2 protein chains.
Amino acid sequence: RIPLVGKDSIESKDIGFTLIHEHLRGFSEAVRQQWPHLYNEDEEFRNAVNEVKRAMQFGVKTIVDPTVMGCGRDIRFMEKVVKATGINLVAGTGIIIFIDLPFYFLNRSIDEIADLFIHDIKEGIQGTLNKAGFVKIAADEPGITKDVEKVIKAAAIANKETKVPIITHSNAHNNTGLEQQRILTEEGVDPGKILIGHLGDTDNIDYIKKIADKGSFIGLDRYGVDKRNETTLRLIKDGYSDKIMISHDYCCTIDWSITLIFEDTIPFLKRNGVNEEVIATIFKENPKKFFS
Amino acid sequence: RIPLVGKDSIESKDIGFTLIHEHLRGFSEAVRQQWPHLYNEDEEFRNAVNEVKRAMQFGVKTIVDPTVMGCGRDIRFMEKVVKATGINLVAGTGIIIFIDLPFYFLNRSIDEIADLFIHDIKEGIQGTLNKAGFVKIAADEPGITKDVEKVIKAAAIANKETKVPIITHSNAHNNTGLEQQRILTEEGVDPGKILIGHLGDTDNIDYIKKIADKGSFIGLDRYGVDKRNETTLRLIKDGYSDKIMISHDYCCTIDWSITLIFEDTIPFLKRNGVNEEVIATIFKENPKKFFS
Ligand SMILES: [Co+2]
Ligand SMILES: [Co+2]
Ligand SMILES: [Fe+3]
Ligand SMILES: [Fe+3]
């Protein structure tokens with residue numbers, strides 16, 4: 001019941017070891033359209049294929065790629081990467097903005113925004129039959145602006161209609177993650193269908209625990225570390241493994257490796273007493289629940 | 001010495017009757033990339049061809065199209081319109097933003113922004129040999145923000161290196177047009193190489209005259225009218241014809257006709273005592289000077 005790029009859909013129970021937040025490529029759509037001389041698609045493709053192959057060599061079965069509007073989602077690029085690797089790849093829909101929406105959205109309703117996400121979930125992405133399996137939204141240093149709130153409310157409509165989960169970008173040093181969770185739950189989204197991202201950027205463990213205690217997954221998803229690993233280990237030590245999702249990604253708005261989790265983070269956890277049942281919770285059971 | 005889409009360049013003295021600010025098409029790059037189902041390129045092409053043909057039937061020889069980053073500039077679409085009509089079309093470079101730049105520009109210098117404009121002027125647009133003949137920039141209700149100022153300063157660098165003129169979008173109800181003119185002239189741009197646009201939206205004639213008196217062209221370029229025609233006529237009556245540029249465009253950020261000037265504005269002017277020497281000043285001599 002999870003759509004996959006270039007493949008038939010799969011049951012959530014079969015997702016296996018999952019990297020929940022990794023971008024194959026990211027760019028600003030208007031800059032790439034206007035100044036293509038700044039970009040090399042062939043290098044981007046080779047890098048993405050190599051990274052996915054490296055992840056598969058460490059046992060990754062599924063990658064969730066939350067590149068959406070604002071970060072250059074390209075479903076045809078994603079399909080080429082799948083053809084070259086055989087990875088299960090989950091694409092999403094959504095909008096990443098920090099202040100205002102593009103000019104297109106002037107005088108358009110929240111429902112019209114939600115209809116875009118629902119189109120991608122139910123019909124397909126960018127004129128293909130590859131469907132979106134989650135909604136991605138953001139807020140950062142400017143906080144919850146008028147347009148940021150519109151996108152959050154549209155994500156809630158899409159989740160209520162289609163049941164796909166919601167992944168967020170937040171700024172770990174303000175309350176944007178807590179606000180995203182509150183607005184979405186007030187609109188009727190199940191808290192366990194939300195992943196509040198980019199929380200590994202803060203050592204304020206009480207803030208992180210507050211979000212998890214309210215029922216949502218917490219994205220310790222900036223790996224690339226000790227303070228992050230310390231915070232991660234402390235959160236694990238304190239019993240929060242069933243809310244933790246771990247990734248590297250580095251933010252797609254930035255126009256390190258996808259296996260640094262295997263070379264740095266997981267070893268560090270293991271040598272500090274984290275057993276293999278916790279690793280399986282974080283990388284298999286938590287994504288299965290999120291997508292269930 | 002003016003580059004033309006799909007043609008050899010022309011001397012500025014041969015530009016003839018010119019429409020200084022008309023968009024063949026406009027859209028938000030990220031929305032079109034992400035949701036192509038919202039758009040019909042074949043309808044857009046038919047509309048653009050018909051509009052250009054209608055303009056040519058009224059004697060227009062050259063159209064300046066200030067669609068740039070933020071409004072969906074597409075040099076290959078423009079070339080198809082030229083092939084279908086034979087119009088002289090001047091394309092530009094630049095960036096239209098009201099608050100912040102796309103994520104690409106985080107931690108990038110003004111010089112790097114200017115290098116993009118200079119690339120389009122000296123090398124070509126979007127991988128073609130069609131070159132940009134002017135720079136287009138904007139500011140609106142948020143005023144001169146940090147990123148808006150960066151783009152203005154980059155435009156000044158591009159003009160100083162290449163001598164192409166600068167067209168602006170401004171908000172007629174604040175001082176953004178006056179501020180654009182001041183910042184550009186402080187950076188060494190000749191005032192007569194600047195067109196401050198969207199001033200037809202205000203009846204504050206003293207503000208408009210202040211900009212013209214400082215040496216820049218004033219864009220009475222929102223046609224589509226009486227109050228605009230009244231303001232235009234009053235400005236003509238007061239001796240400002242040699243600073244007036246007239247167009248319709250309607251702003252490209254809006255994702256009426258290009259001949260409404262011939263069906264409404266020019267007739268109205270003529271029947272109110274405006275002779276044919278003024279019409280020639282506004283539509284032939286002023287563009288020739290601007291591009292000289
Ligand atoms: Co992010
Ligand atoms: Co405008
Ligand atoms: Fe990300
Ligand atoms: Fe315009």
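Protein chains get the first letters and strands the later ones, always in sequence-line order, with residue 1 at the start of each. Hydrogens, waters and symmetry mates play no part in the numbers below; they use all other heavy atoms, side chains included.
Heavy-atom distances place both the backbone and the side chain of A:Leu116 under 4.5 Å from chain B. Contact of B:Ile96 with chain A is made through backbone and side chain together, with heavy-atom distances under 4.5 Å. For B:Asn107, no part sits under 4.5 Å from any heavy atom of chain A, backbone or side chain. Interface residue A:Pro102: backbone and side-chain heavy atoms are both found under 4.5 Å from chain B.
Put simply, CD on B:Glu29 and CD on A:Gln33 are 5.0 Å apart, with the number rounded to the nearest 0.5 Å. Atom CG of residue B:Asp255 and atom CZ of residue A:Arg108 lie 7.0 Å apart, to the nearest 0.5 angstrom. Atom CG of B:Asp100 and atom CD1 of A:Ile97 lie 11.5 Å apart (nearest 0.5 Å).
Contact tally against chain B (heavy-atom pairs below 4.5 Å) for A:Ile99, A:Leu101, A:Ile125: the top residue is A:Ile99. When each of A:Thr93, A:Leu106, A:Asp120 is scored by its heavy-atom pairs under 4.5 Å with chain B, the top score falls to A:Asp120.
Ring-centre distance between B:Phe98 and A:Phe103: below the 6.0 Å cut-off.
Between B:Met69 and A:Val31, the closest heavy-atom pair is SD-CG2, 4.3 Å.
In the displayed structure, B:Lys7 atom NZ is contacted under 6.0 Å by more than 12 heavy atoms of other residues, nucleotides or ligands. Residue A:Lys160 qualifies as enclosed at atom NZ: its count of foreign heavy atoms under 6.0 Å is above 12.
No donor-acceptor pair closer than 3.5 Å links the side chain of A:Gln34 to the backbone N or O of B:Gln126.
Among B:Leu38, B:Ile254, B:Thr253, the single residue meeting the side-chain contact (heavy atoms from CB on, under 4.5 Å) criterion with A:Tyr104 is B:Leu38.
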